[PDB]
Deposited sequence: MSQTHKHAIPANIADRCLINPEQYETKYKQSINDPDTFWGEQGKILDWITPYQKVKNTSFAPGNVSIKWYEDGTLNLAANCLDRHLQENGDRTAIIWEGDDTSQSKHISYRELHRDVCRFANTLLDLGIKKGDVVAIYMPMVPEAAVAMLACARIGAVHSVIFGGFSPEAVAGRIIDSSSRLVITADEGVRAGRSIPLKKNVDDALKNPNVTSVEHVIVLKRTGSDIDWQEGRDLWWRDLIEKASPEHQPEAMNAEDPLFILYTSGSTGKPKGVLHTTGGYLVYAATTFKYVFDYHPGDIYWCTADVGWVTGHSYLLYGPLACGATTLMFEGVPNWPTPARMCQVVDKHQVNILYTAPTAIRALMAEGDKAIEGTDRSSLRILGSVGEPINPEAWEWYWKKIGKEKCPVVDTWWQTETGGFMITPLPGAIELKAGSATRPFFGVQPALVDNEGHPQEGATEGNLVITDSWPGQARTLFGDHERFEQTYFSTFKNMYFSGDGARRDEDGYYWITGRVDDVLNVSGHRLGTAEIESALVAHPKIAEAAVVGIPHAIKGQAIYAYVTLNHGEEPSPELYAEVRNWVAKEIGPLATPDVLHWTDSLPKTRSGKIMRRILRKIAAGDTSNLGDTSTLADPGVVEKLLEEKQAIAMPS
């Protein structure tokens, strides 16, 4: 059953049950009045008059919010906080090594953002240029992102764990003019070779657009240097003026691109504009985490993911919050690390991932030994379904049974929270994301697109726009419409399945398309398959996900070798290492299943449902449409070994 709203939260909450009901209704009945007023969470240089201007219609997918208005993201996240709060900490940085930490005030962060903005301008970067950021979890990554946004450059942040090949791919598609990186990242007492990875990427003959690499000397390690191209971060920023006046950007000027894995093909650049995105990030942050001035807030997500964009940086700083950036991992040196960070910086709001929760839960009270945790008032969960038992352990052990847990469902494409509890408004069910946010109209449809009413399950769609919605796929608006708006006409299709219960609470069950969730990472089965087939011994591959107690899903790859090739344990590790090279360690198959028995239909289609079942440990329960039905038996045998 339900968790009641505690008394401490009821007494302070920004949105109560009744305000949620009232605001939700208006957001839906009158978007223009609702978002017109809510848009004032931001400072606008010239005020908007238009609010909502959107369509999901076939051939006319067009999303626009606050369009005739102008603003600066960096002014909203920095400059406007200066007069009264310049001395308030903007970012608490906690090093992988706990002996290393910083408190960076709004004034401090502003100064460096201005210097770096000038640094970028002097290097020839202009409004609209794409800048590639390949950084570890250090404050300079934020400086780099905020400075791009200040001058209307379009940053494209590349998760540090991506391979040189994956970096090349993102740089090529985006025509990035500059790469910003560090010599090495530090994670769990170990180096990560970032700049070296950038060198390798830039040797790709198809990379033609990068003019400079800016390098942060994080570790001081010996690295290669290309004279002319490579520039030290300190060398540049020390030469730069701390004076920079922000220019008005139009609400619909592109702000960033984020490569995101899909059901088809290689990752695409999901694009966000400026006004609606930032309004939505600030609004969701404030109401869902119940942010009050003085609250120390910690989102654990990496900067290279949308959660790190919206909920580490943009949402929090637009609201004048203290946000915490942690360089390392929540269980190094010990499982208690996460709660040690909480104690050390008196974190009041913690927002993390079920993969982490499961990792700490496996260690039991080792995750909490010698720690206090009393500063916490709110907990959050993101990025993957959370099982009830994990949710209960998190609520009990980290939250001391005193903290609401906000399970926030959303996606790169949605820009901010979509279905989520509000801590003082909505009673909680372990495992449920609960109710839509203001502006969000979800529905469940069957495979044919008939809407399902009452307590039911189906494909999760959103039937109208909301300020934070992604506007396009970089350089390919037609693929944007086809990818999201063609399956169920006039609706945004998320690619998730969900059930809705008798209370109207949504329970998100995961992707219904060919998209995996591995340790919280969204990866397409097809991109793993291509990476596998690029191997000169591999003929065919079929990749499925299997349940995994820790990772949520593990990657299971059926692999057909070229005629004349035999498997080995040598080849096992080789092929795993090959995928880690093609994409990154995050996409390394957990299982390689050597076979010549892929179930192909008369047409040649791969019978993917059978492969899924077999990989999952099913041994029983159509084979008639199938060239050689005997493959199923062979597949089972091989699985049993």
Exercise for the section: Go through the deposited sequence from residue 1 and tell me which stretches lack C-alpha coordinates, in order. Expected result: 1-4, 626-627, 648-652
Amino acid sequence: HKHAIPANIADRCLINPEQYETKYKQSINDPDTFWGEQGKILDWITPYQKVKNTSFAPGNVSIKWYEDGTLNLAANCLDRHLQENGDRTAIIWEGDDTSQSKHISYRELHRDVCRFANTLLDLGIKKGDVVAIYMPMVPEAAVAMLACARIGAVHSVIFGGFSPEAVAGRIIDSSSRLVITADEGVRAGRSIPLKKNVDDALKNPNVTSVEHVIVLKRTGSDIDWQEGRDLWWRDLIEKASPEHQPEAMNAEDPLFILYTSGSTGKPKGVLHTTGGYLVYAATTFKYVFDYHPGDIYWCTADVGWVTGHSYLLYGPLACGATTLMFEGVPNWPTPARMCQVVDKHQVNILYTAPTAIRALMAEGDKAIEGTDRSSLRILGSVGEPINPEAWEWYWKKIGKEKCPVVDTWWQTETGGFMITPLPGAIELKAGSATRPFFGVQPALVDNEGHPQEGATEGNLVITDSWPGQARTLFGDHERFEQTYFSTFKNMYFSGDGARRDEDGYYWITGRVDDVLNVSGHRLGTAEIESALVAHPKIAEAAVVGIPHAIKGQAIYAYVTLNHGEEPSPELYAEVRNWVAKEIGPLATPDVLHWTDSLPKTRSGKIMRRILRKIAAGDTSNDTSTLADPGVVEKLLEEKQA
From here on, numbers count along this sequence of modelled residues.
Practice task
Would you mind comparing 248-256 and 185-193 for me and telling me which has the higher average C-alpha temperature factor in the entry?
Solution key: 185-193
Exercise for the section: Read off the CA B-factors in the entry, average them over 165-173 and over 564-572, and name the higher stretch. Expected result: 564-572
Exercise for the section: Check the PDB entry and point out which of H309, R218, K344, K366 has the largest C-alpha temperature factor. Expected result: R218
Practice task
Name the residue from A526, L460, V179, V207 with the greatest C-alpha temperature factor listed in the entry.
Solution key: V207
Exercise for the section: Check where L121 lands among this chain's C-alpha B-factors and tell me if it's the lowest, middle or highest third. Expected result: middle
Problem - Among modelled residues of the same chain, the CA temperature factor third for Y558 - result: middle
Problem - Chain-relative CA temperature factor third for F488 - result: middle
Fill in the blank from the handout: Of the three thirds of the chain ranked by Cα temperature factor, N517 occupies the middle
Handout entry: Chain-relative CA temperature factor third for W93
Key = lowest
